[PDB]
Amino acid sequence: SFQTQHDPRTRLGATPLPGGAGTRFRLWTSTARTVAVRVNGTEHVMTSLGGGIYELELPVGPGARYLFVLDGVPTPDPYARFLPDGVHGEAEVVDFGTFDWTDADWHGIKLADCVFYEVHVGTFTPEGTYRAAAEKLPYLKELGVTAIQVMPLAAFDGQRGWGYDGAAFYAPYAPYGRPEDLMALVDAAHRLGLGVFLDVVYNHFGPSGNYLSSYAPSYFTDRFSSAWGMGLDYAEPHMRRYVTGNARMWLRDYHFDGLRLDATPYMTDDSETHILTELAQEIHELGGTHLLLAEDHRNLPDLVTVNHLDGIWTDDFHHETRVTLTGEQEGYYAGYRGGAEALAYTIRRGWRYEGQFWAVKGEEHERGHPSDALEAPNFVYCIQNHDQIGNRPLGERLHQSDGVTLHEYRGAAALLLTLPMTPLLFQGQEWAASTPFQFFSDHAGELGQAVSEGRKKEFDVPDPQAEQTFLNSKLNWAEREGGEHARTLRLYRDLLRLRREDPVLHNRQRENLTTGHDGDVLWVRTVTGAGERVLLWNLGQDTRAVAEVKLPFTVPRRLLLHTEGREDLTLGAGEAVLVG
């Protein structure tokens, strides 16, 4: 008995009409006195319906170019489905019904079956497009990942960017390709049995290209702020529907399997039904098997158990692992000791902070909640992602940080990919890629200069606005063929195959997972009806024989995988083994 608030008949923007009758244009404005649509250069006055709603039907079809004219001012459509000339230009009318999908036998993917692979379309290939990315899908399938996690695609200003400056949420960023190129990428992924997930940003709009306030200032509020402007007012139903209609488009019209919601703590809403709950209702109304994940630092199980999201990106594991390997203590890393004992605890508890004091200077509070309600798949774990690489001054990867060996890097992979939690890898991680992932942008004018200055002051640091910073972040695919890159890749393939094939690692219950330590050796034990596995990781500087590790059970005898391919049950510094 939840009923969607959305009806194609009243859809804001430009929507093709049935029977080849053309396009219906609709907008909401609280302040304009005159309202017109300019289509292929010709202006037509729109009909006032009440409630600030304006409408017009014209015989123009998909491909027509338009914007709205508010009190004589040409203004881009916030509901644009494509912006071929960028965020300050005319929109194109898009018809989602003409693409020939071939994925009728694809029925989504469960979270417990996801191994995420985070892609940035612009850097993932030389071309930096969907079409070039699609040619890497067979590689990803063979690698053994099961779900692609795409960084944000909403149109933003400039010729490159991470995606978090998105401003026109319904319009896929034109430099990556046209709408049908994105559909082709999803269709190709589904053919190979891969899920595709999209990063969406419903806590803020980027600084350039967001014209919502030109239509109605009340989309936003001064009660609080975003990084770029006034806060998104979820007490305003039109604002709620902007984001729920967007989520529905990505899932229904582009066939995405799920969404990753950026910075959910900053989707502020005091409404009786929280916007996160309504998002879940609205996407579930579509009647598929779509997933919703939250990027949330609050260690708050209610996101799953009350808002009915599927899982949470939970960084305590990542942070505990990084501190273990580097000793670093700047910023939020000061929240963690690291080490075998510490890692055993964080895994045991899912996340570390369950209400205890977070003593990080500038952020002091009682952080988190008991994790008991959450099951292993509800936690998304990683040792690398876009933020944990790119928010570093030089954008260096884990194996490129001072004091980290390739042996330690490979051990960390074994830990991540044998846990029952839902893992995520960042593009190129699997071959210990040589290239950084730096923060880059391409804003115009004074805003561009402010970005460059802001980055300098925050922390030489690579200028985010420089072309070189973007190019230096491009993946080098050929390097995976050789040397330590190939060795690391061989290990990732072996780990992913085992995750897939090993009947005990199929465990997805925290009841069946225990952890502990002996000195600097971490152990992780899984026991099910199918048998027993133990992962031992030597986080020390010395060599440790598995037979001398003190354990509260008898260690299994069979060596299933050693991260350095050794024959004997001995762990050099940083090395790991899986036994059964």
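The first residue of the shown sequence is 1; numbering continues from there. If you superpose the two forms and keep the largest set of C-alpha atoms that fall within 1.5 Å, you have the rigid core.
Relative to the presented form, and with the rigid core used for superposition, do the C-alpha atoms of 158 to 166 or of 224 to 232 deviate more in 8 other deposited structures of this protein? Between the two stretches, 224 to 232 moves farther in 8 other deposited structures of this protein.
Stretch with greater C-alpha deviation in 8 other deposited structures of this protein, 450 to 458 versus 481 to 489 (rigid core superposition): Of 450 to 458 and 481 to 489, the stretch deviating more in 8 other deposited structures of this protein is 450 to 458.
Might you work out how many residues are unmodelled in the deposited sequence between residue 357 and residue 358, and answer none, 1 to 3, 4 to 9, or 10 or more? The entry leaves nothing out here.
Read off the CA B-factors in the entry, average them over 513 to 521 and over 542 to 550, and name the higher stretch. Looking at the record's C-alpha B-factors, the answer is 542 to 550.
Going by the B-factors listed in the PDB entry, is the mean over the C-alpha atoms higher for 197 to 205 or for 478 to 486? Per the PDB record, 478 to 486.
Residue selected from 262, 257, 366, 165 by maximal Cα B factor: 366 has the highest C-alpha B-factor of those listed.
Looking at 379, 437, 336, 459, which one carries the largest C-alpha B-factor according to the PDB entry? The listed residue with the largest C-alpha B-factor is 459.
Should residue 72 be placed in the lowest, middle or highest third of its chain by the C-alpha B factor in the entry? Highest third, going by the recorded CA B-factors of the chain.
Please say which third, lowest, middle or highest, residue 400 falls into when its CA temperature factor is compared across its chain. Middle third of the chain for residue 400's C-alpha B-factor.
Within-chain third of residue 394 by Cα B-factor, per the entry: CA B-factor rank for residue 394: highest third.
Classify residue 13 as lowest, middle or highest third according to the C-alpha B-factor given in the PDB entry, relative to its own chain. Tercile = lowest for this residue's CA B-factor.
Of the three thirds of its chain by CA temperature factor, lowest, middle or highest, which one includes residue 570? Highest third of the chain for residue 570's C-alpha B-factor.
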